[PDB]
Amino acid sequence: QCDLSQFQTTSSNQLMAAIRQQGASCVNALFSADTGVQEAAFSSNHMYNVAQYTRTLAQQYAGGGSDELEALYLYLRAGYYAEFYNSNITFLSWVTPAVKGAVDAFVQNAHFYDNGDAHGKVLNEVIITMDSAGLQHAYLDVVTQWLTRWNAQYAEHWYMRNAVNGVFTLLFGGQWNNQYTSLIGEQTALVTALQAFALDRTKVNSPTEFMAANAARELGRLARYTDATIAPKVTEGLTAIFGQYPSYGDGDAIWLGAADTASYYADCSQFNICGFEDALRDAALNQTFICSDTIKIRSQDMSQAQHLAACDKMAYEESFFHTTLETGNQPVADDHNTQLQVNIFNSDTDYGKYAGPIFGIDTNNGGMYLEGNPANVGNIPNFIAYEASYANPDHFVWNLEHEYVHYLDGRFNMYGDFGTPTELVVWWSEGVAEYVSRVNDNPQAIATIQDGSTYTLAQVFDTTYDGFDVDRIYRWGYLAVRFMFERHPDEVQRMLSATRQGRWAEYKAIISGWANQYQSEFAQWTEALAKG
């Protein structure tokens, strides 16, 4: 029932009729519509007219929510999204002062701080627009007011928690706002409201703990302004947070939120939390399970049965790896990584909270393998993972087999440390980790052939991590590796002879010859695979 044709129009009045009749659910389609729709729907004139109408309707708002205003503000911030990401769209200079007028009218309405889920739905779009439109400098007092007014009754409503949590995005987005950064150093009331909000113990273990954690995080960010008049209050607030909550335990999301941003701009000794990561690693990964003399597990909260299933599957994968890769069990030169440490958090949330501090890693992924330096006697490589309900039984450790194969590949196939290759090896490393662990069980790899968008071997081999194209890296890396093992296993060993000796130019010439010689066969092979 959402027809985007109605937005492809030149009359402001029909546009708003489309907004009000089709509603927020259909306006939502403007974020992903073709540029033809977006250029028509998001002209400077349309945006000025919608903003002025929204302004008058918001002035008349009498509480209880508004499907029309929710849709209007969504359209307005949808426009800033399209203008940012569509080069065919650039707003004239009078567009934003009007959008600010439309926002101001909702903010100055006597019902702005109303409670309730219906009000939260329009309020959410208004608070997001403040960020989308680059208006963070204009609503600092709104942040302070919501932080000061928040209570348990606002906290009853899912849509109020979601809406008001947007005030923290405003502080985050203001970093790129020159007006904001000239003003923020004076906002002592906001700093006081932020620390009071995060130090409220009733938020711990509650549905608003995540807002208190975001409060702490945004306060830690203000540690940047070392010479600003807010700096004593910021320091005092961070010090209070670090003293009231544990780095592991109830409320540690608030502790770790503050530590994350504050450690980026202030020394640990400023808050006397130097070396907290050692104690945290021991609290968070408190279990020890010894699989063998070459694999040990440190984990947050696995059962003995899970520990046993992980050790057994890794012993199984090891054997299958060496047979399949024909290693002779002989590692590459200059590699002393006989022992491995496996680190398993209780959930992706736990991984997201603790692994960054403990291991220094990015956690926007499904796990991580850290080979270290194999030439250093005493180096212990680590992989870091989390339990997931959708992981493999019986261990339910997400990417257990995948990361383990990274260790095996790194020790038996790929000379040097992780950064050593001078030619791209992403397709191989990720493809062999997927193929050795999944073999022929990869529905998503079949599906990405069936959808009609494909890659050539040459494109697969030139895959990088840039933009983390999971489809290209993991599915098409898997497909090329599986194809070469099934159809040209002698060529695979020839390639491995180059990689095992760190002969990267020779490796690249080998696989570029494949990309010329085998492309038609690969094309027929993927076709047969997609058929059945």
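We number the residues from 1 along the sequence you see.
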item	value
Average Cα temperature factor in the PDB entry - higher stretch of 321-329, 445-453	445-453
Per the entry, higher mean C-alpha B factor between 515-523 and 7-15	7-15
Deposited CA B-factor, highest of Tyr474, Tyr48, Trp504, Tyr61	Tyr48
Of the residues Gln187, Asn286, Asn124, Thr261, the one carrying the largest Cα B-factor as recorded	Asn286
Record-listed C-alpha B factor of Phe461: chain third	middle
Within-chain third of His395 by Cα B-factor, per the entry	lowest
CA B-factor ranking of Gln306, expressed as a third of its chain	middle
Entry-reported Cα temperature factor of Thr422, expressed as the chain third it lands in	lowest
Where the record places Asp267 (Cα B-factor, split into thirds across the chain)	highest
